[PDB]
Amino acid sequence: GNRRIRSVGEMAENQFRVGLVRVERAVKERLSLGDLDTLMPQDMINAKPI
Amino acid sequence: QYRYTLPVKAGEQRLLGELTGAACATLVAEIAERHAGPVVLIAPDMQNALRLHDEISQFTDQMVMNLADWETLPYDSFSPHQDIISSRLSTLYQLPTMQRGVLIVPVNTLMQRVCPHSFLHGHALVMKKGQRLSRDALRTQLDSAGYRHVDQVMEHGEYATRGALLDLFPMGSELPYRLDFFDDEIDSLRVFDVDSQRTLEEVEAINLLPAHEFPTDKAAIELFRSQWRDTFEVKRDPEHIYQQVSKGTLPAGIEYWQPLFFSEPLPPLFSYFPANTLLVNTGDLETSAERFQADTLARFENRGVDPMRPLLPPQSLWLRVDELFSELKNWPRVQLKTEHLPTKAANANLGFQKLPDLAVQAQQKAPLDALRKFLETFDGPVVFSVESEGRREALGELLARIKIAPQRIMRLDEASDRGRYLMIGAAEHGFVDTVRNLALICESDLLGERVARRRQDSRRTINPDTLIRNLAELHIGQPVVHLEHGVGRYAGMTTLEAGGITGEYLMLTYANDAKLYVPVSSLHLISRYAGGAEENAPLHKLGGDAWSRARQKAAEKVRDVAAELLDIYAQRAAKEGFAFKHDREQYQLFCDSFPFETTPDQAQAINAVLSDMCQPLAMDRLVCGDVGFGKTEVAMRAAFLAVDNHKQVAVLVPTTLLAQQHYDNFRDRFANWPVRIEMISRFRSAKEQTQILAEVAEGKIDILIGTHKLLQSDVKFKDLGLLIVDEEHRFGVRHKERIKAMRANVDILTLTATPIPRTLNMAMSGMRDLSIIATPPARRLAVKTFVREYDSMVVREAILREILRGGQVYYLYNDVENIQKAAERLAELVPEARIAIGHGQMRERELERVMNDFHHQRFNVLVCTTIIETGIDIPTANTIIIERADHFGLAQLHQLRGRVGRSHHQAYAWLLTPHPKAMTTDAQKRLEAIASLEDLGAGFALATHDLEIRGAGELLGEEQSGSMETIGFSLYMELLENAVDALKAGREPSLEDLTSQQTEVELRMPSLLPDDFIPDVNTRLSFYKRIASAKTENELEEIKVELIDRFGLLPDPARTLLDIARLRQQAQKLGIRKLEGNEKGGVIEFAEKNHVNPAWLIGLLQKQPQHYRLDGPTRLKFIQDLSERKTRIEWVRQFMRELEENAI
Ligand SMILES: Nc1ncnc2c1ncn2[C@@H]1O[C@H](COP(=O)(O)OP(=O)(O)OP(=O)(O)O)[C@@H](O)[C@H]1O
Ligand SMILES: [Mg+2]
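As annotated in the PDB entry, chain B carries the name Transcription-repair-coupling factor and is attributed to Escherichia coli. Per UniProt, chain B has the following entry under Subcellular location (unreviewed entry): "Cytoplasm". Quoted straight from UniProt, the Function (unreviewed entry) entry for chain B says "Couples transcription and DNA repair by recognizing RNA polymerase (RNAP) stalled at DNA lesions. Mediates ATP-dependent release of RNAP and its truncated transcript from the DNA, and recruitment of nucleotide excision repair machinery to the damaged site."

And the structure:
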C-alpha cells in the first residue's frame, strides 16, 4: 500500500514532460525576441529536445 | 568701465536679461574678474553645474571649482566613496577664507546641510607654506581644539608654541610636526620624532582630514547611540544599523544618518561662506528647490517602510525651501536669465542675440554658404570656439575652403574690430553679442539638424480594384488579399478564445494549410482580389520561407583555409622585417603632448613595442590588458614611431562608432605633426571614399582608420608599415589576415582586452609576443556589479542615481525590432531623463548625430544594442544597465562592464536577468563568475578562463574557439619550416600573387583539392602553386597525369579546379578580364583591348534578346538555366570557343 507501479505510460510521459519543459523555455525566448508579427509556430518550436 | 554695477548689500538682486546660450559663461567670467572676493555660482542642477565648470574655465583663469557632492541619491544605500570626502572636506576648510575664485554648487548640494563648524576647525589641519598666519592664532585655535601645551609632544591632542617654532601632535596621525612661523607666516613642515625631536622630512603642505564625514571615535559612537535611543527604537538584529555601528562597522549608506553624531544642528552650508560673496544664479531656484524637495519627500515616504534601517525626516538632513529662501535673502545676488526683463534699477538687458541660420550640408555644391555669406556682412570680430585641440585642424581645413584663417586667442577680450579668431574651450552654443558687436560661433552651430526620413509617396492604396467595403457577402473559397501577407482563401466565420475573451474571426487558408484568423473588429485590413484570377489565384506562405531557405546554403566547404593560412605565414616568416628609426627628442615631444603619466606597466608595454619595432624582424604582438587601462595610447606611441618614418599606419576597428571615436582621438593626439589622418567606413559617402582611396594609393594619407571596409581589396596602400588591430576579439581570422596577406613583412600590433581563445593560446605558445597591462592608471575604481531579476523599481532607482549625479547611462537592450518600444516604455517610466536610441541599423546620418549628441551631454540615457561593446569611451557615462544579461558571453559581459568607470567616479553596472525559472544553468554560472571577478586586472584571468573551457580552435584554420581536433603546434612549426625552406629556395610567388593577376573566374562553385585527397598541406600547396602558375594547357595536362598517378582518381572539386585554371589560361589570352557564373546566369567582363567580335556581339544581342544584355562598357550579362554545374562549365567553355573562332 506504500509501493506503487509506474509502467510504460507514466515513465515515458515523464520524459515527454521533461522534453516539453525545454521546448517551452525555447518558445518563451523565441517569443520575447524581436519581430513577432511574422513568426509562425513551426519556425518557433524545436522538435529536438522532445 | 563696464556695462552694469554689481550689487553689494544684504540681499539685493540684479536681474540680467537676454543672455542666450554660452553667455552665462562669459558673464560669470566677467563678474568673477571684476569682484574683490569670492563668487558662488548656484547652478540649477548638477548636470548644468558640470557643464558650467568647463565653460567658465574657458573664458577666464580664476580657480573655478565645484563642491564634490555625495553622488548618492536621497536616503540611498551606497557610501560616498571616501576619496570624494577627502575633496568634500578640504573645500569646506578653505571656504571660510577663499579670497578670489568661483565655487560652483548645484541646488542639490546647496540645500544640503554640512558638518557644523567645530568638527572642522577641531578635527583637521590643512596648511600650505603660503599661509600667512601668526603663532598665537594657531595657539588659540588649538586651544579651542582642546590640545594641551606640552613642550615634549608625544600623544594625541598636544601642541606647543616655543620661541619661533610650533609643535603639534595631531588627533589624526601619530607623528608630531614642527612648524616654524616667521613674520606672520608659516615656514616649515618638519616631521620630527615622537621623542627624539629630529626632523625626518621637510614638507610644504600638510593635510590631516578625517576620512569620514562624521566623528567616528568612541565618544561620538556613544553620542550616536544616545540620539538613536532618543529618536528611533532599537531592535535586536545583527543587521540593524544601531548594532552595526555599535559593533564598530559602518553600514553602507551611513552618511544619511549624519545629524545624530553631532548633537548640534547641522549648519545650512551658508555659515561656511565668506564675509562678502556674490551669489550668481543660473536659470531659476524657486523652481528647482521645490522639485528637489518633492523628490526628497517621495524618497522619504518610499523608504519610510522597512522598520529595519529607519530614516530621519528630510528637515533633519536638508534645508526646507522656506529656509533656503530665508537665507538667499542674506547674500547679494545676481541672476542670469535668458529673457527680456522690462525696465528698472536692479535690472538690466545685455543685447545677446542668437546666431543667424548657420548650418552646412554636402547637398549644395557650395556647402559653406551660410558662413560665407555671414562672415562678409559682419563688421565685428568673430570667435570660433572650437571644442578640442585636434578639432581646430578639423576646423582649420574647412575654413581654408573659403579663405578664412583664424588666429588663436586665449582670452575672449583679445578680439579686434575686424578679425576671425578661434579659441579652445568647451562652449556649446553661439551668440551674437550685439553690445560690443562680437560673435561666438560654437562648433554646434555648424551642424544644425538632420531632417531625413521624409519618405516616399504612397504606402497604401484606397478603393482601387477591390474596395473591400465588405459587408460580408464573400463566398467560401473566394481568394482574398491580406495587406501584410498576400493572397489567401477566405474559409468562413469562426469563434475563438484568446485568453479571456471570446471573439468572432475570419478564417483564411494560406499555403500548407496554415490558417490565419483575423478579428471582425479589424476586417478593413482585408481587401478583395484584383488580378482577375479568382480561380487562378496563387497562395503565399505565412511568415515567409526565411527559415526554410536558410538551410539551402552551404556544406561544400567552398574554400580550403589551411593552404591559404599556411602560405600567408610562410611568406611572413621568410621576408626580413623593417627596422624603424627612432629619434629621441622628436619622439620626446610626442610624449610631452600626453596629458597624463604612463603607469609603470604601460610604459613597459610601450618600451617593449618600440624595442621590437626597431628590430630587423617583423613584430606580432598582443597587448592584452584590462579594459580602460590605456591600451590605446600604446597604439599612438607606436603609430608615431611608424609614421615618423613615412610609413602609413593602418588602424583596423570592428565597428563604425569605434572608428569615429578613434578618428577623433587620433586627430586630437596628432594635432600638430604633419600626418593626415582619415577614416573610411560606411559613414563616409561614396564621393569621400573614392577620394580617400586615391589619396592612400598616391601615399598622402598617413593613418587610415577603418572598419572592415578597409580590407576590401580596393584599398591599396603605398608603403604600409604598421597594422593596429583594435578589439580583435572579433574579425574572425580572414579579416585579420587579409591585410597581412598583401604585405607580408608588415608589423602588427594587436590590441585587445579579452583575446579570443585562438589568439590567446597562440600568444601563450610563443607564436606571437604578449605584453600584459596591469596597474590601473590613476583613480579607477573597480566597477560594482549587481545581478538582479529585472525590476522597474531597480531600473528607475539606478537611472535616477546616475542622472541626479549628472553622468549618463548606457541602457543596453540588444534587440533592434523592439528597441523603439523599449525606449518608449523607458521614457514613460522615467520622465526625468532624456532618452535616445542608438543601434547600427539606422540611416547612419542619424547614428552620427545620436552618438555625437551623446558625447555632448545633450541627452542622458542611451538605449543601445551591443554596438557599444567595443570601446566607446564617453568618460561621463557611469552606469550600464544590461537588459537581458543571461545570453552574453563572459568576454562580452566584461567588455560591456568596462564601458563604465573610465574616470574617478565610482560606476555601477547592473546585469538584469529574467526571473530564474527560465535561465539555463550555464547562464547562472556565467553571471556568478562575472559578478565574482569585480576587480581590476580581471580581464586576462577571464580570457584564460574562457580559453581552457572553450578551447583554442584550429591553429591553421578558421574557427577561433573550439576543441575540434586542430593540428598540433609541434607539427605546425615543422610544417611551416618546410614551407619556408621550399618557398625561399624555389622563390615562387605567394598564392595571393596567383590570386592578384588571376583573371577572376569566380563562378561560385567549389574548386579546391580536398583534404583527404592530398593530406599533406605543404604538398597540396605546392600543387596549388604549380597549377595556378601553369601557363600552357600541356603543362596543365602534365599536372593532371602526374596527379592522377600520384593520387589516383580526381575528385570533382579537383577536376573543376583544373578546368577553371584552364579557362583562366584561355580568357587571359582572350581579353576576358572577369568572368562569372551562378544558378541563373552570370556576367562576362571584357578588357579594353579584347578579342570579341562586336558584330557577333550585336548578333548575340538581337537573335537572343532573352539571353544577352550589355550593361556597361565591358559587362555582358548572360542568363541561362545553369541548374547543373557541369552544364554551367560546358556552357562557359563553349561560349568562349564560339568567341575564339570569331576572335579578331
Ligand atoms: N597612464 C594613464 N594615466 C591616466 N589616465 C590614462 C593613462 N593612460 C590612459 N589614460 C586614460 O584612460 C582612458 C582609457 O582609454 P583608452 O582608449 O586610452 O584605453 P582603453 O579604453 O582601454 O582602450 P579601448 O578604447 O581599446 O578600450 C583614456 O581616456 C586615457 O586618456
Ligand atoms: Mg582601442
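Which parts of the structure should I look at to understand the overall build of chain A?
Looking only at helices and strands, chain A features 1 helix and 0 strands. Rg of the C-alpha trace for chain A: 16 Å, well past the compact-globule value of 10 Å for 50 residues, more than 25% over. With the C-alpha coordinates aligned to their principal axes, the bounding extent of chain A is approximately 55 × 15 × 15 Å. Burial analysis of chain A (50 residues in total) assigns 14% to the buried set. In the structure as shown, chain A presents an accessible area of about 4,300 Å², 55% of it carried by carbon and sulfur atoms. Taking the average location of the 9 positive side-chain charges in chain A and that of its 7 negative ones, the two points are 13 Å from each other.

Sorry, what's going on with the coordination of the magnesium ion (ligand 2) here?
By definition of the ideal shapes, four donors in a tetrahedron about a metal sit 109.5 degrees apart, and six donors in an octahedron sit 90 or 180 degrees apart. Protein coordination at the magnesium ion (ligand 2) comes from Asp726 of chain B (OD) and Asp726 of chain B (OD), with a distance range of 2.1 to 2.7 Å. With respect to the element layout, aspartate 726 of chain B can be found in strand β30 (residues 722-726).

Teacher, can you tell me more about a nonpolar patch on the surface here?
Residues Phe16, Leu20 and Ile50 of chain A make up a contiguous nonpolar surface patch of about 280 Å² in total accessible area. By the element assignment, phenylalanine 16 of chain A lies in helix α1 (residues 8-32).

Please explain the packing of aromatic side chains as it appears in this structure.
We describe a pair of aromatic rings using the distance from one ring centre to the other and the angle between the two ring planes. All names here are of chain B. One pass over the full model with this rule turns up 35 aromatic pairs over all chains. Measuring from ring centre to ring centre gives 4.8 Å for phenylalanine 224 and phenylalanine 261, while their planes differ by 10°; the resulting arrangement is stacked. With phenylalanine 224 in helix α7 (residues 218-231) and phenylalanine 261 in the loop between α8 (241-246) and β13 (279-280), this pair connects stretches of sequence that are 37 residues apart. Taking the relative accessible area as the measure of exposure, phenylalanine 224 reaches 0% and is therefore buried. Overall, the relative accessible area of 5% leaves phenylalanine 261 in the buried class. Taken together, a centroid distance of 5.4 Å and an interplanar angle of 15° make the contact between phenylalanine 854 and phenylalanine 859 stacked. A relative accessible area of 0% places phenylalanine 854 in the buried class. The cationic tip of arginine 34 hangs over the ring face of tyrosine 4; the distance from NZ or CZ to the ring centre is 5.8 Å.

How should I be thinking about the side chain of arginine 805 of chain B in this particular structure?
Residue and element names in this part refer to chain B. With respect to the helices, strands and loops of the structure, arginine 805 is situated in the loop between α22 (792-803) and β34 (808-812). Since its relative accessible area comes to 7%, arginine 805 is described here as buried. Polar contacts involving the side chain of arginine 805 include one to the main-chain carbonyl oxygen of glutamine 906, which spans 3.1 Å. When neighbours within four sequence positions are excluded, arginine 805 is seen to be in contact with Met46, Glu71, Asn878, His905, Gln906 and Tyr908.

Explain the pattern of salt bridges here, please?
Residue and element names in this part refer to chain B. One pass over the structure, following the stated rule, counts 57 salt bridges over all chains. Measuring nitrogen to oxygen at the nearest pair gives 3.0 Å for the salt bridge that ties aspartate 151 to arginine 162. Of this pair, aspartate 151 sits in the loop between β6 (148-149) and β7 (158-162) while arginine 162 sits in strand β7, and the two are 11 residues apart along the sequence. With relative accessibility at 28%, the residue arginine 162 sits in the partly exposed group. Between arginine 392 and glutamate 389 there is a salt bridge whose closest N-O contact spans 2.4 Å. Each member of the salt-bridge network shares a partner with another, and the members are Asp151, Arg162, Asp167 and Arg178.

Just checking my understanding: could you explain the site of ligand 1 for this structure?
Residues and elements named next belong to chain B. Inspection of the region around ligand 1 gives 19 residues, with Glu597, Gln602, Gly628, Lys631 and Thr632 positioned closest. The separation between a nitrogen atom of ligand 1 and a polar main-chain atom of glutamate 597 is 2.4 Å. Contact distances for ligand 1 include 3.0 Å between an oxygen atom and a side-chain N or O atom of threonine 632. For ligand 1, whose unbound accessible area comes to 610 Å², protein coverage reaches 90%.

Where do I start with the sheet that holds strand β23 (residues 502-509) of chain B in this structure?
Whenever strands of a sheet pair, they do so through backbone hydrogen bonds, lying parallel or antiparallel. All names here are of chain B. With antiparallel pairing, the 5 strands of this open sheet are ordered in space as β24-β23-β22-β21-β25. Looking at strand neighbours, the two that pair on one side only are β24 (515-519) and β25 (526-528), the edges of this open sheet. The sheet shows a mean angle of 50° between the axes of neighbouring strands, taken without regard to direction.

Please explain unusual backbone geometry as it appears in this structure.
Only a minority of non-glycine residues have a phi that is not negative, and only a minority of peptide bonds are not trans. Residue and element names in this part refer to chain B. Notably, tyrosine 75 is not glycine yet its phi reads approximately 55°, a positive angle. Looking at where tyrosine 75 falls in the secondary structure, it is placed in the loop between β3 (64-65) and α3 (83-94). Looking at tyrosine 75, the relative accessible area reads 2%, which means it is buried.

How do you make sense of the packing of helix α14 (residues 561-574) of chain B against helix α20 (residues 734-742) of chain B when you look at a structure like this?
The description of two packed helices rests on the angle between their axes and on the distance between the axes. Residues and elements named next belong to chain B. In the contact formed by α14 and α20, the axes pass within 10 Å of each other and the chain directions differ by 45°. Relative to α20, the element α14 lies oblique. Between α14 and α20 lies a crossing of left-handed hand. Across from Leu565, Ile568, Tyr569 and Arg572 in α14, the residues of α20 making contact are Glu737, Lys740 and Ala741. Taken together, the residues of the contact of α14 with α20 break down into 4 nonpolar, no polar and 3 charged.

I keep staring at the nonpolar core and nothing clicks. Help me out?
One broad trend across soluble globular proteins is that nonpolar side chains are buried collectively. Membership of the largest hydrophobic core comes to 53 residues, with the highest contact counts inside it found for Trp228, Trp257 and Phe270 of chain B. Residues within four places of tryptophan 257 of chain B in sequence aside, it is in contact with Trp228, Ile241, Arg309, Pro310, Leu311 and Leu312 of chain B.

Can you help me understand the sheet that holds strand β38 (residues 908-913) of chain B in this one?
Residue and element names in this part refer to chain B. In space, the 6 strands of this open sheet follow the order β33-β38-β37-β34-β36-β35, with parallel pairing throughout. Each end of this open sheet is capped by a strand with a single partner; those strands are β33 (784-789) and β35 (835-838). The average undirected angle you get between the axes of adjacent strands in this sheet is 20°. Sheet analysis places β35 next to strand β36 (residues 861-864), joined by 4 bridges and oriented parallel. In the sheet register, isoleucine 835 faces β36, and the bridge partner there is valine 861. The strands touched by α22 within the sheet are β34, β36, β37 (877-882) and β38, with β38 carrying the most contacts at an inclination of about 165°.

Which parts of the structure should I look at to understand the interface of chain A and chain B?
By convention, interface size is frequently given as the accessible area that disappears when the constituent parts associate. On the side of chain B, 11 residues touch chain A, which itself brings 10 residues to the contact. Of the residues assigned to the side of chain A that touches chain B, the class counts are 2 nonpolar, 3 polar and 5 charged.

Conventions and cut-offs
Residues numbered from 1 in each chain as written, not as in the entry; some residues may be left out. Chains lettered and ligands numbered in written order. Part of a larger assembly, values for the part shown. Heavy atoms only, no water. Residues with missing side-chain atoms left out of burial classes, pairs and counts. UniProt positions renumbered as here; feature names shortened; annotations may be inferred. Helix = DSSP H or I, 4+ residues; strand = E, 2+ residues; numbered from the N terminus. Rg over C-alpha atoms; globule rule 2.2 N^0.38 Å. Buried < 20%, exposed > 50% of the residue type's maximum accessible area, 1.4 Å probe, protein only. Areas by Shrake-Rupley, 256 points an atom, 1.4 Å probe, with all protein chains shown as cover. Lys, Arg positive; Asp, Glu negative; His and termini not counted. Charge placed at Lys NZ, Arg CZ, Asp CG, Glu CD. Donors = N, O, S within 2.8 Å, 3.2 Å for Na, K, Ca; no water. Patch = residues over 30% accessible without salt bridge, like charges linked within 9 Å, V, L, I, M, F, W, Y side chains within 5 Å. Salt bridge = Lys/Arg side-chain N within 4 Å of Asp/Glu carboxyl O. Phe/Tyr/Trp six-rings, centres within 6.5 Å; stacked < 30°, edge-to-face > 60°. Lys NZ or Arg CZ within 6 Å of the ring centre and 35° of its normal. Polar contact = N/O pair within 3.5 Å; in protein donor to acceptor, adjacent residues only side chain to side chain. Contact = heavy atoms within 4.5 Å. Near = heavy atom within 4 Å. Pairing = 2+ DSSP bridges. Axes fitted to C-alpha atoms, helices over the stretch in contact; angles between N-to-C directions. Parallel < 35°, antiparallel > 145°, perpendicular 65-115°, else oblique. Left-handed = near helix turned anticlockwise from the far one by under 90°. Nonpolar A, V, L, I, M, F, W, Y, C, P; charged D, E, K, R; others polar. Core = buried A, V, L, I, M, F, W, Y, C linked by side-chain atoms within 4.5 Å.

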